[PDB]
Every structure is written in structure tokens, then in C-alpha cells.
> 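Sharing a structure here in C-alpha cells format.
The chain is numbered in sequence order, starting from 1.
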Amino acid sequence: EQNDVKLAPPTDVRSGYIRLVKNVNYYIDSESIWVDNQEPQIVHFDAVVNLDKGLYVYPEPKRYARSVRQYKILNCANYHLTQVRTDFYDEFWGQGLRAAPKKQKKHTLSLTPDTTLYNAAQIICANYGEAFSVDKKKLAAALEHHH
Ligand SMILES: [Cl-]
């Protein structure tokens with residue numbers, strides 16, 4: 001029975017992180033974006049959640065996470081998004097000491113016009129489609145201008 005810690009997730013955005021959804025502390029880590037030259041159209045990236053409350057997910061019963069890092073793979077051909085791994089971090093922005101549930105299950109899904117990340121994914125793939133590389137500066141401005 002741990003007490004419930006309320007956090008002050010920073011409203012200031014750390015450089016390199018791009019807000020994915022309007023007024024939500026959910027970001028794409030721009031340094032994570034990668035596409036293999038043998039599998040074009042498949043974008044690998046990490047999404048990062050800054051928490052409002054601490055998550056007690058460490059061996060040490062009193063330590064809590066402040067953020068979540070989710071490794072994902074977006075297929076711009078079919079708009080299938082695969083969730084590969086979820087890790088918990090004790091600092092904001094998916095940094096610091098990590099804790100993870102052991103041996104995790106990958107899970108794919110199809111982004112429909114009524115899906116959450118459909119808007120973001122559409123912006124990511126459109127940006128990627130112009131050069132078969134992501135322009136991080138254009139992506140930030142695209143996601144910012146949409147919001
Ligand atoms: Cl910064």
C-alpha cells in the first residue's frame with residue numbers, strides 16, 4: 001500500500017521531443033526515428049508519456065516512474081502500428097532508471113480515420129513520403145501547426 005504521488009509533468013517541452021496529440025503529454029522522441037534502407041516505409045520510433053502520477057513498478061517498493069517509453073513500428077504502407085516494448089523511467093522524458101515487465105507481447109493495429117494516432121501517423125508518413133526520410137524540423141512544425 002504505497003501513497004499516491006502527484007507529479008508536476010513539465011509543461012515546458014524538452015528539445016527533441018514532439019507533442020503527438022493536442023494538450024496531452026504524449027510525445028514522439030525525434031532522436032528515435034529510424035527507417036531501415038532494406039524496409040522503406042517502416043518507421044521505427046519511441047513514444048514517450050510524462051506521467052501525472054507515480055507508478056510503483058520497481059523492485060524497490062518506494063521508487064516510482066515519472067515517464068513511459070514505448071517502442072513502436074509504424075508501417076506507412078498499410079497504416080499498421082506495432083507496439084513492441086513498454087519501459088518505465090524514473091525521470092521525465094523516458095530517461096533515468098528503467099523498469100520493464102518481463103518478456104512482452106508485440107501487438108499490431110490498424111489506424112482508421114477514427115483512431116487516436118491516425119492523425120499523427122498520417123502526418124509522419126506524409127512527411128516521410130516526400131523524401132523517404134523524415135525531416136524532423138518539418139515534422140515538429142507540422143504537428144505544432146496542426147495543434
Ligand atoms: Cl531542453
Side-chain angles (χ1 to χ4, degrees), residues 1-36 39 41-101 104 107-128 133-144 146-147:
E1 184 81 30
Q2 262 46 53
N3 58 336
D4 194 38
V5 183
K6 298 188 178 184
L7 311 172
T11 51
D12 211 66
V13 189
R14 179 173 291 176
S15 178
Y17 292 84
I18 308 174
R19 196 184 309 275
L20 276 170
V21 169
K22 192 172 185 181
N23 300 339
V24 178
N25 293 341
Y26 191 39
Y27 309 91
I28 179 168
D29 178 353
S30 71
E31 285 177 7
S32 71
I33 297 167
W34 179 83
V35 177
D36 190 342
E39 284 286 309
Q41 317 182 272
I42 292 182
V43 190
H44 292 242
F45 69 100
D46 286 350
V48 174
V49 180
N50 288 333
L51 300 173
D52 285 307
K53 297 191 169 183
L55 300 175
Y56 293 84
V57 295
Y58 291 86
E60 303 83 28
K62 275 70 174 189
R63 198 189 313 281
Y64 53 89
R66 288 184 178 73
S67 60
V68 189
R69 191 174 271 280
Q70 293 171 320
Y71 174 46
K72 291 184 192 284
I73 302 169
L74 172 60
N75 191 345
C76 291
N78 55 11
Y79 279 68
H80 283 211
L81 183 66
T82 300
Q83 169 62 51
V84 180
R85 210 99 326 180
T86 294
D87 294 289
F88 299 101
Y89 284 92
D90 75 350
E91 307 161 9
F92 289 117
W93 312 104
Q95 299 298 344
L97 194 69
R98 187 181 65 265
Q104 312 184 27
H107 214 81
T108 308
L109 70 99
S110 301
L111 308 185
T112 314
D114 63 75
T115 299
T116 45
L117 288 169
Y118 177 91
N119 310 257
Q122 187 156 313
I123 293 169
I124 291 168
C125 297
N127 173 301
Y128 172 82
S133 59
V134 175
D135 186 301
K136 294 158 182 174
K137 292 192 192 69
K138 267 113 162 192
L139 181 57
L143 289 158
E144 288 162 4
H146 170 233
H147 309 139

> For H80, which residues count as a side chain to side chain donor-acceptor pair (under 3.5 Å) partner, sequence neighbours excluded?
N78, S110
> Determine the minimum heavy-atom distance between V48 and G94, stating which atoms define it.
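Heavy-atom minimum between the residues: CG1-N, 3.7 Å.
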> Less than 4.5 Å apart, any side-chain heavy atom of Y58 and any of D90?
yes
> Could you check whether any side-chain N or O of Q2 sits under 3.5 Å from a backbone N or O of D4, counting only pairs where one atom can act as donor and the other as acceptor?
no
> Are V13 and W93 packed together at the side-chain level, in the sense that at least one heavy-atom pair is separated by less than 4.5 angstrom?
yes
> Locate the shortest heavy-atom distance separating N119 from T115; write the atom from each residue and the value.
ND2-O, 3.8 Å
> Between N3 and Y56, is there a side-chain heavy-atom distance shorter than 4.5 Å?
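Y56 vs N3: side chains touch.
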> Rounded to the nearest 0.5 Å, what separates atom CD in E31 from atom CZ in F45?
15.5 Å
> Who passes side chain to side chain donor-acceptor pair (under 3.5 Å) against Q95, sequence neighbours left out?
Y17
> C125 and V43: side chain to side chain contact (heavy atoms under 4.5 Å, CB included), yes or no, with the steps?
CA-CA 8 Å; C125 297; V43 190; 5.6 Å; no
> So how far is it from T82 OG1 to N75 CG, rounded to the nearest 0.5 Å?
8.0 Å
> Restricting to pairs with a member in residues 66-76, which pass salt bridge (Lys or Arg N to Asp or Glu O under 4.0 Å), not counting sequence neighbours?
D29-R69, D46-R69
> Over 60° means perpendicular and under 30° means parallel, so tell me whether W34 and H44 are parallel, tilted or perpendicular.
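If you compare the ring of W34 with that of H44, the planes turn out perpendicular.
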> Answer yes or no: is there a donor N or O on one side and an acceptor on the other, between the side chain of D135 and the main chain of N127, under 3.5 Å?
no
> Which heavy-atom pair separates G16 from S30 by the least distance, and what is that distance?
O-OG, 2.5 Å
> Starting at CG of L20, measure out to OH of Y27 and round the result to the nearest 0.5 Å.
10.0 Å
> What are the two closest non-hydrogen atoms of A142 and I123, and how far apart are they?
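That would be CB-CG2, 3.6 Å.
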> How about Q122 and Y79: do any of their side-chain heavy atoms sit closer than 4.5 Å?
yes
> Please report the interatomic distance CG(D36) to CD1(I42), rounded to the nearest 0.5 Å.
9.0 Å
> Could you state the interatomic distance from CG (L74) to CD (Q41), rounded to the nearest 0.5 Å?
10.5 Å
> Should we say atom CG of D12 is surrounded by more than 12 heavy atoms from elsewhere, each under 6.0 Å from it?
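Check fails, neighbour count at 12 or below.
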> Going through the checks in order, is the side chain to side chain contact (heavy atoms under 4.5 Å, CB included) test met by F88 and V68?
CA-CA 5 Å; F88 299 101; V68 189; 3.8 Å; yes
> Check whether any side-chain heavy atom of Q70 sits under 4.5 Å from a side-chain heavy atom of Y26, and report yes or no.
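Touching, per the 4.5 Å side-chain cut-off.
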> So, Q104 side chain and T86 main chain: donor-acceptor pair closer than 3.5 Å or not?
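Judged by distance alone, yes, a pair lies under 3.5 Å.
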> To the nearest 0.5 Å, tell me how far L7 CG sits from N50 CG.
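Here the interatomic distance stands at 9.5 Å.
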> With a 3.5 Å distance limit and no angle check, can you tell me whether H147 reaches the backbone of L143 through a side-chain donor-acceptor pair?
yes
> State, yes or no, whether a side-chain contact exists between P9 and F92 at a heavy-atom distance under 4.5 Å.
yes
> Could you tell me whether the side chain of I28 reaches within less than 4.5 Å of the side chain of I33, counting heavy atoms only?
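Yes. Closest side-chain heavy atoms under 4.5 Å.
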